[PDB]
Amino acid sequence: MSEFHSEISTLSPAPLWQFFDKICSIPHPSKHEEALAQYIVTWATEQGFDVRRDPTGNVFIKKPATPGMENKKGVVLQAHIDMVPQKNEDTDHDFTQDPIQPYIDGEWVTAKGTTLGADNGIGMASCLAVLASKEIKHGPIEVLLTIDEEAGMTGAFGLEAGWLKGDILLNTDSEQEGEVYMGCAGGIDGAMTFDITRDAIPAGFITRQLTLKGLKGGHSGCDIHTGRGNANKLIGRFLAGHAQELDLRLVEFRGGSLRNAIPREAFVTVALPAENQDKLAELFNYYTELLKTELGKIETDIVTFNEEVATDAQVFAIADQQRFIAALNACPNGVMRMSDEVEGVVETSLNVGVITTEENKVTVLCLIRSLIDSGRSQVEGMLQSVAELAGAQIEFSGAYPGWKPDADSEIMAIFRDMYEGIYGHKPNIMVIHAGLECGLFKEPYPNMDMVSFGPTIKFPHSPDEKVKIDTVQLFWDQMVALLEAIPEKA
Ligand SMILES: [Zn+2]
Ligand SMILES: [Zn+2]
């Protein structure tokens, strides 16, 4: 806008920002990496690197140590090639074919009308800069360029061991300066299904719709540790202790939106004798009040509603109503175990996120997360124990490995202390209760520990993806600092 004549390839550190200007020029959305994979390889040949590809399309590039650190230590710099295709809703862009037009606006570099791919356009250029660099005194080096982060990260378990050495890995895929990653959670989708039959609403049974919403909700992974309520479970807890005593019968149970998110709204419609209408309305008002007493601190806007539409219907058979409700109630939810290796982090958890009834089928969907993959099984088994006891079925799928945090591992320690040698303080080292590509890296090479940090990019995956220029210089400064700080393995 104002800096109209400013060249992206002349921002510091130039070698990388030049590589980034080149990466921007050749179109690479997920699944269209070939175009850029070639360029990198042909490039890395011309420089005389041993460059090989694997069966699943990931690029590996070997550079021997600069004189002095031949004693090795082996390191693996890693980024992913694919970008994410998202255009502004009013600008012409064929992602398969058109280049990113990066531009400079203030403290930021963005593309207009399109995602910028700074991720890791800021990470992989970095990788490439180090390969080309003549004056970083590094030990032996491998670069891993994986295919697909934003389409189920195909490339990430693309291949397995015997393709790398060096017990260390440096992922450049995080999006904050001063924010590192030493671990993440794996996950797995679960589905408990019930084969239900229905008996008609008995005479006089007015039919109501008890509903609960205004829960703050959240994301099952990064927000699980908080006190946030689970709409599904609260309405189950109510029917559990009180259905039979109140002799109410169940027609409908719908809650939450997807396993990914802590369910904020849920509801049941039920049939009951018109006699117990003021009882129920009072018990339920009682019940809801109690909720606000309990969750009032964290859960500010907690609202329930109790209207009636006496529609038919066909109520759950008793034995089905019973087993489903016991199941829903017994079933674990929230945090299962806090980590002891790291200072107040959730090790295992699960979220009963979605419930949907239909005629003849009630289906309960949930998502177990864990850093220790051993604990994720532990939890699956408990669900199965319930599922068994209830005469219901569970299927598992969408399983992906977690990354267990090792406290004061070599590289975490270094990074921590090398950043503390470059900055008057320590980075904000973390563990997200979520999935990251470097997780899948632990399937083969569990021996390898690792780190994930990068420049500060805001709004990735939108036409707003803006990256902070001054932190690219930082990112690269520690990317250098440590590469040389790396101890030797004899
Ligand atoms: Zn991404
Ligand atoms: Zn990414």
# chains A, B, ... in the order shown; residues from 1 in each chain; ligands from 1
>>> closest_atom_pairs(of="chain A", to="ligand 1", cutoff="12 Å", atoms="only C-alpha atoms and all ligand atoms", output="Markdown table")
| residue | atom | partner | partner_atom_place_in_ligand_line | distance |
| --- | --- | --- | --- | --- |
| A:29 | CA | ligand 1 | 1 (Zn) | 10.8 |
| A:30 | CA | ligand 1 | 1 (Zn) | 10.0 |
| A:79 | CA | ligand 1 | 1 (Zn) | 10.5 |
| A:80 | CA | ligand 1 | 1 (Zn) | 8.9 |
| A:81 | CA | ligand 1 | 1 (Zn) | 10.3 |
| A:82 | CA | ligand 1 | 1 (Zn) | 8.7 |
| A:83 | CA | ligand 1 | 1 (Zn) | 7.1 |
| A:84 | CA | ligand 1 | 1 (Zn) | 6.7 |
| A:85 | CA | ligand 1 | 1 (Zn) | 10.4 |
| A:86 | CA | ligand 1 | 1 (Zn) | 11.6 |
| A:115 | CA | ligand 1 | 1 (Zn) | 10.3 |
| A:116 | CA | ligand 1 | 1 (Zn) | 10.7 |
| A:117 | CA | ligand 1 | 1 (Zn) | 8.0 |
| A:118 | CA | ligand 1 | 1 (Zn) | 9.1 |
| A:119 | CA | ligand 1 | 1 (Zn) | 6.1 |
| A:120 | CA | ligand 1 | 1 (Zn) | 7.8 |
| A:121 | CA | ligand 1 | 1 (Zn) | 10.4 |
| A:122 | CA | ligand 1 | 1 (Zn) | 11.7 |
| A:123 | CA | ligand 1 | 1 (Zn) | 11.4 |
| A:147 | CA | ligand 1 | 1 (Zn) | 11.8 |
| A:148 | CA | ligand 1 | 1 (Zn) | 9.3 |
| A:149 | CA | ligand 1 | 1 (Zn) | 6.3 |
| A:150 | CA | ligand 1 | 1 (Zn) | 5.8 |
| A:151 | CA | ligand 1 | 1 (Zn) | 9.6 |
| A:152 | CA | ligand 1 | 1 (Zn) | 11.0 |
| A:153 | CA | ligand 1 | 1 (Zn) | 10.0 |
| A:172 | CA | ligand 1 | 1 (Zn) | 11.3 |
| A:173 | CA | ligand 1 | 1 (Zn) | 7.8 |
| A:174 | CA | ligand 1 | 1 (Zn) | 9.1 |
| A:175 | CA | ligand 1 | 1 (Zn) | 9.4 |
| A:435 | CA | ligand 1 | 1 (Zn) | 11.7 |
| A:436 | CA | ligand 1 | 1 (Zn) | 9.7 |
| A:437 | CA | ligand 1 | 1 (Zn) | 9.8 |
| A:457 | CA | ligand 1 | 1 (Zn) | 10.5 |
| A:458 | CA | ligand 1 | 1 (Zn) | 11.3 |
| A:459 | CA | ligand 1 | 1 (Zn) | 10.2 |
| A:460 | CA | ligand 1 | 1 (Zn) | 6.7 |
| A:461 | CA | ligand 1 | 1 (Zn) | 6.6 |
| A:462 | CA | ligand 1 | 1 (Zn) | 10.3 |
| A:465 | CA | ligand 1 | 1 (Zn) | 10.6 |
>>> residues_around(residues="stretch 228-234 of chain A", least_positions_apart="6", cutoff="10 Å", atoms="only C-alpha atoms", output="PyMOL selection string")
chain A and resi 211-218+240+253-256+261-268+287-288+291+295+298-299+302+328-334+351-355+364
>>> closest_residue(among="A:403, A:419, A:19, A:60", to="residue A:165", atoms="only C-alpha atoms")
A:60
>>> select_by_dssp(residues="stretch 197-291 of chain A", states="strand (DSSP E)", output="PyMOL selection string")
chain A and resi 198-199+205-213+218-219+249-255+261-262+266-273
>>> select_by_dssp(residues="stretch 232-380 of chain A", states="helix (DSSP H, G or I)", output="PyMOL selection string")
chain A and resi 232-246+274-295+318-330+373-380
>>> atom_distance(atom1="atom CA of residue A:146", atom2="atom CA of residue A:348")
27.9 Å
>>> residues_around(residues="stretch 91-93 of chain A", least_positions_apart="3", cutoff="8 Å", atoms="only C-alpha atoms", output="PyMOL selection string")
chain A and resi 87-88+98+113-114
>>> residues_around(residues="residue A:392", least_positions_apart="4", cutoff="12 Å", atoms="only C-alpha atoms", output="PyMOL selection string")
chain A and resi 191-196+320+323-328+361-364+383-388
